[PDB]
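Novice: Just so it is clear, I am handing over upload24.tsv, which has TSV, N, CA and C atoms.
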chain	number	residue	atom	x	y	z
P	57	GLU	N	58.27	-32.26	-123.04
P	57	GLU	CA	59.03	-31.02	-123.05
P	57	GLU	C	59.15	-30.48	-121.64
P	58	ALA	N	58.06	-30.53	-120.89
P	58	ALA	CA	58.06	-30.04	-119.53
P	58	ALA	C	59.03	-30.85	-118.68
P	59	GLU	N	59.03	-32.17	-118.87
P	59	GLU	CA	59.92	-33.03	-118.12
P	59	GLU	C	61.37	-32.69	-118.42
P	60	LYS	N	61.68	-32.45	-119.69
P	60	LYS	CA	63.05	-32.11	-120.07
P	60	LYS	C	63.46	-30.79	-119.41
P	61	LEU	N	62.53	-29.84	-119.42
P	61	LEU	CA	62.80	-28.54	-118.86
P	61	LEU	C	63.13	-28.74	-117.40
P	62	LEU	N	62.40	-29.64	-116.76
P	62	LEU	CA	62.65	-29.90	-115.35
P	62	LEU	C	64.05	-30.46	-115.10
P	63	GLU	N	64.49	-31.39	-115.93
P	63	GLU	CA	65.82	-31.98	-115.73
P	63	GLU	C	66.90	-30.93	-115.87
P	64	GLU	N	66.76	-30.09	-116.89
P	64	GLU	CA	67.72	-29.03	-117.15
P	64	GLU	C	67.73	-28.05	-115.99
P	65	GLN	N	66.54	-27.73	-115.48
P	65	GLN	CA	66.41	-26.81	-114.37
P	65	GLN	C	67.11	-27.38	-113.15
P	66	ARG	N	66.93	-28.68	-112.90
P	66	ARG	CA	67.57	-29.31	-111.76
P	66	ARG	C	69.09	-29.25	-111.90
P	67	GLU	N	69.58	-29.53	-113.10
P	67	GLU	CA	71.01	-29.49	-113.37
P	67	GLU	C	71.53	-28.07	-113.20
P	68	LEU	N	70.74	-27.12	-113.70
P	68	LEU	CA	71.08	-25.71	-113.59
P	68	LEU	C	71.12	-25.31	-112.13
P	69	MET	N	70.16	-25.79	-111.35
P	69	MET	CA	70.12	-25.48	-109.93
P	69	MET	C	71.36	-26.02	-109.24
P	70	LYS	N	71.76	-27.24	-109.59
P	70	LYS	CA	72.94	-27.82	-108.98
P	70	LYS	C	74.18	-26.99	-109.31
P	71	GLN	N	74.27	-26.56	-110.57
P	71	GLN	CA	75.41	-25.76	-110.99
P	71	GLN	C	75.45	-24.44	-110.23
P	72	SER	N	74.28	-23.83	-110.07
P	72	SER	CA	74.17	-22.57	-109.37
P	72	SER	C	74.60	-22.74	-107.92
P	73	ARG	N	74.18	-23.84	-107.30
P	73	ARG	CA	74.53	-24.10	-105.92
P	73	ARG	C	76.04	-24.24	-105.79
P	74	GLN	N	76.65	-24.96	-106.73
P	74	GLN	CA	78.10	-25.13	-106.67
P	74	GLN	C	78.80	-23.79	-106.80
P	75	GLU	N	78.31	-22.96	-107.72
P	75	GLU	CA	78.92	-21.66	-107.94
P	75	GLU	C	78.80	-20.81	-106.69
P	76	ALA	N	77.64	-20.85	-106.05
P	76	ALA	CA	77.41	-20.06	-104.86
P	76	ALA	C	78.34	-20.50	-103.75
P	77	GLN	N	78.50	-21.80	-103.56
P	77	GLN	CA	79.39	-22.25	-102.51
P	77	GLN	C	80.79	-21.75	-102.83
P	78	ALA	N	81.14	-21.86	-104.11
P	78	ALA	CA	82.44	-21.40	-104.58
P	78	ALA	C	82.57	-19.90	-104.40
P	79	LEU	N	81.50	-19.17	-104.69
P	79	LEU	CA	81.52	-17.72	-104.57
P	79	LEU	C	81.75	-17.33	-103.12
P	80	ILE	N	81.07	-18.02	-102.21
P	80	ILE	CA	81.21	-17.74	-100.79
P	80	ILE	C	82.64	-18.02	-100.36
P	81	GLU	N	83.20	-19.13	-100.84
P	81	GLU	CA	84.56	-19.48	-100.48
P	81	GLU	C	85.53	-18.41	-100.96
P	82	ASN	N	85.33	-17.93	-102.18
P	82	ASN	CA	86.19	-16.91	-102.75
P	82	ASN	C	86.12	-15.64	-101.92
P	83	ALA	N	84.90	-15.28	-101.52
P	83	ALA	CA	84.71	-14.07	-100.73
P	83	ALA	C	85.43	-14.20	-99.40
P	84	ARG	N	85.37	-15.38	-98.79
P	84	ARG	CA	86.04	-15.54	-97.52
P	84	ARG	C	87.53	-15.30	-97.71
P	85	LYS	N	88.09	-15.84	-98.79
P	85	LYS	CA	89.50	-15.65	-99.07
P	85	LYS	C	89.85	-14.19	-99.34
P	86	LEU	N	89.02	-13.52	-100.14
P	86	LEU	CA	89.27	-12.12	-100.47
P	86	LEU	C	89.21	-11.27	-99.22
P	87	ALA	N	88.21	-11.55	-98.39
P	87	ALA	CA	88.03	-10.81	-97.15
P	87	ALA	C	89.23	-11.02	-96.24
P	88	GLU	N	89.77	-12.22	-96.19
P	88	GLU	CA	90.93	-12.44	-95.34
P	88	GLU	C	92.10	-11.57	-95.79
P	89	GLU	N	92.28	-11.47	-97.11
P	89	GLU	CA	93.36	-10.68	-97.68
P	89	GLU	C	93.24	-9.20	-97.33
P	90	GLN	N	92.02	-8.68	-97.40
P	90	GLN	CA	91.80	-7.27	-97.09
P	90	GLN	C	92.15	-6.99	-95.64
P	91	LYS	N	91.76	-7.90	-94.76
P	91	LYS	CA	92.05	-7.76	-93.34
P	91	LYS	C	93.55	-7.77	-93.13
P	92	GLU	N	94.25	-8.67	-93.82
P	92	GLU	CA	95.69	-8.74	-93.69
P	92	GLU	C	96.33	-7.43	-94.13
P	93	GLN	N	95.85	-6.87	-95.24
P	93	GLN	CA	96.40	-5.62	-95.74
P	93	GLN	C	96.19	-4.50	-94.73
P	94	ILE	N	94.97	-4.40	-94.23
P	94	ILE	CA	94.64	-3.33	-93.30
P	94	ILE	C	95.50	-3.47	-92.07
P	95	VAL	N	95.67	-4.70	-91.61
P	95	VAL	CA	96.50	-4.95	-90.44
P	95	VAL	C	97.93	-4.54	-90.73
P	96	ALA	N	98.41	-4.88	-91.92
P	96	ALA	CA	99.77	-4.52	-92.31
P	96	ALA	C	99.91	-3.01	-92.35
P	97	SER	N	98.90	-2.33	-92.88
P	97	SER	CA	98.92	-0.88	-92.97
P	97	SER	C	98.95	-0.27	-91.57
P	98	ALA	N	98.16	-0.85	-90.67
P	98	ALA	CA	98.10	-0.38	-89.29
P	98	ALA	C	99.45	-0.56	-88.62
P	99	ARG	N	100.09	-1.70	-88.88
P	99	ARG	CA	101.38	-1.97	-88.29
P	99	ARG	C	102.40	-0.93	-88.77
P	100	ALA	N	102.33	-0.60	-90.05
P	100	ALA	CA	103.25	0.37	-90.63
P	100	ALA	C	103.07	1.73	-89.98
P	101	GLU	N	101.82	2.13	-89.77
P	101	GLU	CA	101.54	3.42	-89.16
P	101	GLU	C	102.10	3.47	-87.76
P	102	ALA	N	101.93	2.38	-87.02
P	102	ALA	CA	102.44	2.30	-85.65
P	102	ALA	C	103.95	2.42	-85.65
P	103	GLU	N	104.60	1.75	-86.60
P	103	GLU	CA	106.05	1.80	-86.69
P	103	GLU	C	106.50	3.22	-86.97
P	104	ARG	N	105.80	3.90	-87.87
P	104	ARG	CA	106.14	5.26	-88.22
P	104	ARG	C	106.00	6.16	-87.00
P	105	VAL	N	104.93	5.97	-86.24
P	105	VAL	CA	104.71	6.78	-85.06
P	105	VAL	C	105.84	6.58	-84.06
P	106	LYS	N	106.23	5.32	-83.87
P	106	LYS	CA	107.30	5.03	-82.93
P	106	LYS	C	108.60	5.68	-83.37
P	107	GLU	N	108.90	5.59	-84.66
P	107	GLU	CA	110.12	6.19	-85.17
P	107	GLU	C	110.07	7.70	-84.97
P	108	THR	N	108.91	8.28	-85.22
P	108	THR	CA	108.73	9.71	-85.08
P	108	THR	C	108.95	10.15	-83.64
P	109	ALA	N	108.43	9.38	-82.70
P	109	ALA	CA	108.58	9.71	-81.30
P	109	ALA	C	110.05	9.70	-80.91
P	110	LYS	N	110.78	8.68	-81.36
P	110	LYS	CA	112.19	8.58	-81.02
P	110	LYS	C	112.95	9.77	-81.56
P	111	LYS	N	112.63	10.15	-82.79
P	111	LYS	CA	113.30	11.28	-83.41
P	111	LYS	C	113.01	12.56	-82.63
P	112	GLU	N	111.77	12.73	-82.20
P	112	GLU	CA	111.40	13.91	-81.45
P	112	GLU	C	112.18	13.99	-80.14
Once more with this new file: its structure as structure tokens, please.
Specialist:
Amino acid sequence: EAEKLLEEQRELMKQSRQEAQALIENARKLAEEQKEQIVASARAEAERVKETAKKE
């Protein structure tokens, strides 16, 4: 029984490791998207400021 538990634990550990690598990869992707959005938002603000200055 102990030996079986060990095999399952090893398999479980492998699955967990795969998920973690996958989780990290997903986070990297999500983080890139947030940065892109913030950058886009910043660009928009700059554009608005420029337009405002011209109008003034």
Novice: What is the distance, in Å and to one decimal place, between atom CA of residue 76 of chain P and atom CA of residue 59 of chain P?
Specialist: 25.5 Å
Novice: Between atom C of residue 62 of chain P and atom N of residue 74 of chain P, what is the distance, to one decimal in Å?
Specialist: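 Here the two named atoms are 16.1 Å from each other.
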Novice: Take atom N of residue 90 of chain P and atom CA of residue 78 of chain P and report the distance between them in Å, one decimal.
Specialist: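 We find that atom N of residue 90 of chain P and atom CA of residue 78 of chain P lie 17.5 Å from each other.
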Novice: As JSON, what would the box around segment 99-110 of chain P look like: edges along x, y and z, 6 Å added on every side, centre and edge lengths in Å to one decimal?
Specialist:
{"center_x": 106.5, "center_y": 4.1, "center_z": -85.8, "size_x": 24.9, "size_y": 24.1, "size_z": 21.7}
